[PDB]
Chemist: 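Below you will find the structure I want to go over with you.
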Amino acid sequence: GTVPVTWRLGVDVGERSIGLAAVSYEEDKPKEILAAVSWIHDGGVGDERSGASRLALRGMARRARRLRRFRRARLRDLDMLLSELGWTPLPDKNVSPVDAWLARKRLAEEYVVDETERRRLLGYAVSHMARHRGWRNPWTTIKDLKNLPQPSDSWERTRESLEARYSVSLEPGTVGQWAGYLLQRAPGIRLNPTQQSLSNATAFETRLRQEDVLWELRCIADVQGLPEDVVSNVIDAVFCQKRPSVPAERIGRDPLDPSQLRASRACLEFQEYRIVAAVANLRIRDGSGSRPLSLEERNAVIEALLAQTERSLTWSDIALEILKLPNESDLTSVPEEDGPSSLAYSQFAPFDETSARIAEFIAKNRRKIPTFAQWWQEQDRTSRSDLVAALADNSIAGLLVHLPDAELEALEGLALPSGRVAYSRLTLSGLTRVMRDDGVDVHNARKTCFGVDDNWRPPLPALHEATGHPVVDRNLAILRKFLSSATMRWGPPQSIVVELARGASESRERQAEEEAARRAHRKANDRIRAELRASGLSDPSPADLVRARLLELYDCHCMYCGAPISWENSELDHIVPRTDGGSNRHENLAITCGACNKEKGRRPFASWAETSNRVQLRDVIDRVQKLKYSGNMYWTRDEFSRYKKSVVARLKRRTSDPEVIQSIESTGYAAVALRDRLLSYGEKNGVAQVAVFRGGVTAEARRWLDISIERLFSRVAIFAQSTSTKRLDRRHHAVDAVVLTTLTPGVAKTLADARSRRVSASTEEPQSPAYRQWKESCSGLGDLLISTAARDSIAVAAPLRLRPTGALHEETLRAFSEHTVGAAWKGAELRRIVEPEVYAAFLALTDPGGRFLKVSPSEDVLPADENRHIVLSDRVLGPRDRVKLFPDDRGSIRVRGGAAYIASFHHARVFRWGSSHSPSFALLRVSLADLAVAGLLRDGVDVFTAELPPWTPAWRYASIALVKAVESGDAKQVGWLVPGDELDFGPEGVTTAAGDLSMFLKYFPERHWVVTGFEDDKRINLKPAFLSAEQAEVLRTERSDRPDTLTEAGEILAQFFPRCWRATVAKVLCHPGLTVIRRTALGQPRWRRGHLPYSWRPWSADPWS
RNA sequence: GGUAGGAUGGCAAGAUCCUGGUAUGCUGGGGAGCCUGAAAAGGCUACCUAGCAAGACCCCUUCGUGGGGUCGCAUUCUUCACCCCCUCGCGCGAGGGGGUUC
DNA sequence: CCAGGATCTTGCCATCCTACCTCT
Ligand SMILES: [Mg+2]
Ligand SMILES: [Mg+2]
Ligand SMILES: [Mg+2]
Ligand SMILES: [Mg+2]
Ligand SMILES: [Mg+2]
Ligand SMILES: [Mg+2]
Ligand SMILES: [Mg+2]
Ligand SMILES: [Mg+2]
Ligand SMILES: [Mg+2]
Ligand SMILES: [Mg+2]
């Protein structure tokens, strides 16, 4: 079975692709391309418009389900409490729309004397407050909510705006009181802002907070004189909220101790470890050399950094006052970036941060927790560390001292430095003890405390272990399929080459502005961090830093309309929204008021500003452009300029264009994680080395091996000047992987130097031995790639999605239409009947000797009969009676008393009937709702051959010829076609071109076509396999940059894409030599029929068993 | 030494999920106001209320077409088949995962 | 949208380790 040869593996990752090569070798030269293939994956994306992954959509749906389930349980507990109290909950129907609001208003205004009426109004109000309670921090308890200032400043500003807007003053002016007053005074007023799409205004502008509803509840209990235990139980039932939790398996494991969880940043062991490691990395000047700090100097600096309350010790202070050095610059190896006026020495040394937080909390709360203050001063650092570990790991889903419950609530309300560190608590304590006692650094402490050697590297994940990142998992699944198939074919690889997504070929001024930008970012982030710790934000997130930056930048106003905003009612609006692919980069983030954010919604900003009467486009662009530079802000001059241009360019767009910036993080993560798992495979399988090379070393290798993708695959120019990029053809990933199999480190250094020389703005051949042996080894690589591409041995393949999982139907429920039994029945109304047995009865009426509905969508099928009684299996309909019908004449299923359209088609079943010399073809397009209502979403079901009933939307909206042929007993299923199946038209190409395809084939003779969809009953959507789609996107964008940068072939490609080939099923499946190609992991077509999807010719496919 | 990789700590910029909430929206049931109406019933603006993938599994029950709980859109060659790994871990065939070469 | 937890990438600063090439 295995034919072992010496071969190398090249791995070239991409965001939507991965190129994998198995290249058999000689002593240093390539011998044969064993397999080269570009695998085109979706990056996990199931939301093509938004870019959100399938895992992200599943997680948001699951969390919405969990929210609804917890809300239902909480409301049931409230209903039990109201039944205990004798308070009547708000009824489901037959009450006024304003009964709850007037209940809240009256209970806030005057004492209700009537006993049953007061209980009814209290039940109405409390049930309505539980349904609409406002937002609170989920990490804060109900006691913290009671500790909040009531009402919030947002509601006080909203109430001031309402008293100004309506010239009245309600007392005490609660949310229910103002809402009832406005719903009675100005009927039809909306309360909260919503998305715009003749117009009106809204009553409230900010997000309702839970302290506002809590304060209204306290005001109602104060007016009505309710007992305190009663209102405390009511507050517990209304504002009950499940605390957020961290699953323990979501926390990584310690590499030195693989059973233990990674320690939190809050741990005092980590704070000591960071201090001792930072001190152990410092050096001291000694006669043009450097020495490590001696053990007494280590102890002095370490005790000065441990015994610290705040950031008071700079590295200059460590050099001068602690080390007693004559000069500041004698302290070398300071772990900061250097700058003017000794910036690195002016940066601050680390300290015990958790001990500072706990000591400051004690100093502010001596009377609140004096027992804890005495106990904290009493305990040693081991029990202190165990306390701190318990306080840090309370957030884990899955306190050693009998403390009072108020002290427990104050301690769990304490804010500690979050984040995980690399090691566990035991490992950190052991390493710290070894570094303190032996006077060694971290590497020697690891060698001592664990017995590891100098070659020790942390354990790496195996190939079967996923990461949880969708793009990385796509690349890894493709890689492990390729590696298993290649290992069983040719044995294990001799070495493995992975391309990392790292680059360094930049000019010195680019490095200078990046260093100055980093300096400015750190300085402004430190100042804003100090302001937020002064303001109570103990641990500012990057979102908090962005929010404080834009509050400072726009003088606490909204960016869009200019309304004054606070910290708590402002919102960080994605200017390009998340549902249009917008990123969390700070140029995409605008500070808003919440009302502007809700009214903009998911729309582009320029279109929203055109439609809206609240903001103006020119005013927002002008307000951005008049921002002026100052002394010390976050951006540099050039960064402030580019920030203004990128913000303005985001504010100016009118369509839902794709996002400008794409995720290079998942490219680097895919390369790094695939390298780690390939290293695990190499440890298991005896691979000699796993080598890594930069992104710009492979391209420089390809351009110095006289290989260009245009010349290799006979591509044409698509630009008027110069030559286009190599990304037109999808096979360039496999060519990149083939080139990667050749590279060695010395050649990598020389091509990196050549690239740095070239981008340092002809052409000098690089001067080195390693380049010369690489060229003499790889002179035949060009001939080998030409011979491989001429036979089309390089494959572009898309992995199939065959599992019947995903959205069963479209999200929006739709109201049922209706049609009288004894009236005229057309074809579209007969195809829309909701009830399957009523449907089958109408088919029995039109055609008793038939099982399907073979009627035209426009023809009048049944006449208007006043004596037509549809006899059901259990009922008789009347001619006056009406039938539920689906609203529109497309595939639909009934969902929860409404109608939902079916989702995208899971597959098409290919049917072939007629003569063998001239067959007829059709597709039974089957969706996930078809299998859902056919009961096929269970165990032991082949979804591509399991029979569907005639009332499913597959058989309802099949073609008339297909329906008549299955009725006649001539059409049997011969295969299936998922979106992503490759069609091979043979070496002769395709003949049925006309109009746009004929012009496409004069520049692009494409024989390989990928199914993307099934638009209607006689059309299959095909795109060329070999040509990219993002390439077509950037060509169509770059057409309008200059007056006709493109050539004629570029215009042909841009006017073929993105609709590509809207084919015709009975035309394209009758091509001679057409084969539906199902490939193996090595890009080779699977032809032997086993238990995996095989290749099949539609013209000569035998019928299904 | 220089280049490249890896560790740890720091700084900066981002990505990916996960947990809990808010508000909207959709559909069913309602209705406060307004309009067109009325021997002749529907819309509009809000608001209230239930549900918000189809469904699966467990427990009820002082027996019901329902109450309660846990889940259900990922891992993209479904199912079947053969091999492998971790867990039902006695060379057990039941849960998850992985591979099947043209 | 909100708070906040977890995983990870890239780039710089410091330290340690590894392999590898290039000169003298
Ligand atoms: Mg590449
Ligand atoms: Mg809720
Ligand atoms: Mg609520
Ligand atoms: Mg509203
Ligand atoms: Mg927004
Ligand atoms: Mg690539
Ligand atoms: Mg409403
Ligand atoms: Mg609602
Ligand atoms: Mg449900
Ligand atoms: Mg498989």
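First the proteins, then the strands, lettered A, B, ... as listed; each starts at 1. When reading the values below, keep in mind they use all heavy atoms of this one structure, side chains included, and skip hydrogens, waters and symmetry mates.
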Chemist: Does the pair B:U78 and B:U79 meet both stacking conditions, six-membered ring centres under 5.5 angstrom and ring planes under 30°?
Modeler: yes
Chemist: For B:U65, which nucleotide is its Watson-Crick or G-U wobble mate, given both distances must be under 3.5 Å?
Modeler: none
Chemist: If you compare every side-chain N and O of A:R243 against the phosphate oxygens of C:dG4 (OP1, OP2), does one of them come in below 4.0 Å?
Modeler: no
Chemist: Taking 4.0 Å as the cut-off, does a side-chain nitrogen or oxygen of A:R66 come that near to OP1 or OP2 on B:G21?
Modeler: no
Chemist: May I ask you to decide if the ring planes of A:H586 and A:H521 are parallel, tilted or perpendicular, using 30° and 60° as cut-offs?
Modeler: perpendicular
Chemist: Is there a Watson-Crick or G-U wobble partner for B:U19 with both distances under 3.5 Å, and which nucleotide is it?
Modeler: C:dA3
Chemist: Over 60° means perpendicular and under 30° means parallel, so tell me whether A:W101 and A:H132 are parallel, tilted or perpendicular.
Modeler: tilted
Chemist: Identify each atom pair where a protein N or O and an N or O of nucleotides 8-10 of chain C are less than 3.5 Å apart, giving names and distance.
Modeler:
unit_1 : atom_1 : unit_2 : atom_2 : d
C:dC8  : OP2    : A:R262 : NH1    : 2.7
C:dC8  : OP2    : A:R262 : NH2    : 3.2
C:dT9  : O4'    : A:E665 : OE2    : 3.1
C:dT10 : OP1    : A:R502 : NE     : 2.6
C:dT10 : OP1    : A:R502 : NH2    : 3.1
C:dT10 : OP2    : A:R502 : NH2    : 3.3

Chemist: Hey, does the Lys NZ or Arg CZ of A:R1078 hover above the aromatic six-ring of A:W976, less than 6.0 Å from the centre and inside 45° of the axis?
Modeler: yes
Chemist: Closer to the 5' end of RNA chain B via nearest nucleotide, is it A:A748 or A:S583?
Modeler: A:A748
Chemist: Taking only N and O in the side chain of A:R63, is any of them less than 4.0 Å away from OP1 or OP2 of B:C18?
Modeler: yes
Chemist: Could you give the CD-to-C1' distance, from A:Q347 to C:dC12, as a whole number of Å?
Modeler: 13 Å
Chemist: Using a cut-off of strictly less than 4.0 Å, decide whether A:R190 has a side-chain nitrogen or oxygen near OP1 or OP2 of B:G25.
Modeler: yes
Chemist: Between A:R209 and A:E568, is the closest basic N to carboxylate O distance under 4.0 Å?
Modeler: yes
Chemist: Within the structure, does a side-chain N or O atom of A:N597 lie under 4.0 Å from either OP1 or OP2 of C:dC1?
Modeler: yes
Chemist: May I have the list of side-chain donor-acceptor pairs in residues 539-546 of chain A shorter than 3.5 Å, sequence neighbours left out?
Modeler:
unit_1 : atom_1 : unit_2 : atom_2 : d
A:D539 : OD1    : A:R357 : NH1    : 3.0
A:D539 : OD1    : A:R357 : NH2    : 2.8
A:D539 : OD2    : A:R357 : NH1    : 3.3
A:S541 : OG     : A:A543 : N      : 3.2
A:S541 : OG     : A:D544 : N      : 3.1
A:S541 : OG     : A:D544 : OD2    : 3.4
A:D544 : OD2    : A:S541 : N      : 3.2

Chemist: Does B:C77 have OP1 or OP2 sitting under 4.0 Å from an N or O in the side chain of A:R1078?
Modeler: no
Chemist: Would B:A15 be called syn or anti here, given the cut-off of 90° from 0?
Modeler: anti
Chemist: Closer than 4.0 Å, any side-chain N/O of A:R801 to the OP1 or OP2 of B:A74?
Modeler: yes
Chemist: Quick one: is A:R938 getting a side-chain N or O under 4.0 Å of the B:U78 phosphate, OP1 or OP2?
Modeler: no
Chemist: When you check the phosphate oxygens OP1 and OP2 of B:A12, does a side-chain N or O of A:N525 lie under 4.0 Å from one of them?
Modeler: yes
Chemist: Tell me whether B:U70 and B:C71 stack, counting them as stacked only when the base ring centres are under 5.5 Å apart and the planes differ by under 30°.
Modeler: yes
Chemist: Is the distance from OP1 or OP2 of B:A74 to the nearest side-chain N or O of A:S53 less than 4.0 Å?
Modeler: no
Chemist: Any protein N or O atoms within reach of nucleotides 52-54 of chain B? Criterion: under 3.5 Å, listing atom names and distances.
Modeler:
unit_1 : atom_1 : unit_2 : atom_2 : d
B:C52  : OP2    : A:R72  : NH1    : 2.9
B:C52  : OP2    : A:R72  : NH2    : 2.9
B:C52  : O4'    : A:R896 : NH1    : 3.4
B:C52  : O2'    : A:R896 : NH2    : 3.2
B:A53  : OP2    : A:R68  : NE     : 3.4
B:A53  : OP2    : A:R68  : NH2    : 2.4
B:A53  : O3'    : A:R896 : NE     : 3.4
B:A53  : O2'    : A:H809 : NE2    : 2.7
B:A53  : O2'    : A:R896 : NH2    : 2.9
B:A53  : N7     : A:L808 : N      : 3.1
B:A53  : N6     : A:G806 : O      : 2.5

Chemist: OP1 or OP2 of B:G20 versus the side-chain N and O atoms of A:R71: is any pair under 4.0 Å?
Modeler: no
Chemist: Taking only the side-chain nitrogens and oxygens of A:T1080, find out if one of them lies under 4.0 Å from OP1 or OP2 of B:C102.
Modeler: yes
Chemist: Give each protein N/O atom lying under 3.5 Å from an N/O atom of nucleotides 15-18 of chain C, with the pair distance.
Modeler:
unit_1 : atom_1 : unit_2 : atom_2 : d
C:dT15 : OP1    : A:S333 : OG     : 2.3
C:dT15 : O3'    : A:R283 : NH2    : 2.9
C:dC16 : OP1    : A:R283 : NH2    : 3.3
C:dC17 : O3'    : A:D454 : OD2    : 3.4
C:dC17 : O2     : A:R457 : NH2    : 2.7
C:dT18 : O4'    : A:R457 : NH2    : 3.4

Chemist: Please determine, for B:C80, whether a Watson-Crick or G-U wobble partner exists with both distances under 3.5 Å, and give it or none.
Modeler: none
Chemist: Are any side-chain N or O atoms of A:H906 and backbone N or O atoms of A:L802, one a donor and one an acceptor, separated by less than 3.5 Å?
Modeler: yes
Chemist: Kindly write out the residues that satisfy side chain to side chain donor-acceptor pair (under 3.5 Å) with A:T592, not counting sequence neighbours, or none if the list is empty.
Modeler: none
Chemist: Strictly below 4.0 Å: does A:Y634 bring a side-chain N or O up to OP1 or OP2 of B:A13?
Modeler: yes
Chemist: Would you mind reading off the distance between A:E465 atom CD and B:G98 atom P, rounded to a whole angstrom?
Modeler: 12 Å
Chemist: Run the salt-bridge test on A:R420 and A:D393 with the 4.0 Å N-O cut-off and return the result as yes or no.
Modeler: yes
Chemist: Polar-atom pairs under 3.5 Å, protein N or O versus N or O of nucleotides 93-96 of chain B: list them with distances, or write none.
Modeler:
none

Chemist: Any side-chain N or O of A:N137 less than 4.0 Å from the OP1 or OP2 oxygen of B:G21?
Modeler: no
Chemist: Is the side chain of A:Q271 donor-acceptor paired with the backbone N or O of A:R265 at a distance under 3.5 Å, no angle test?
Modeler: yes
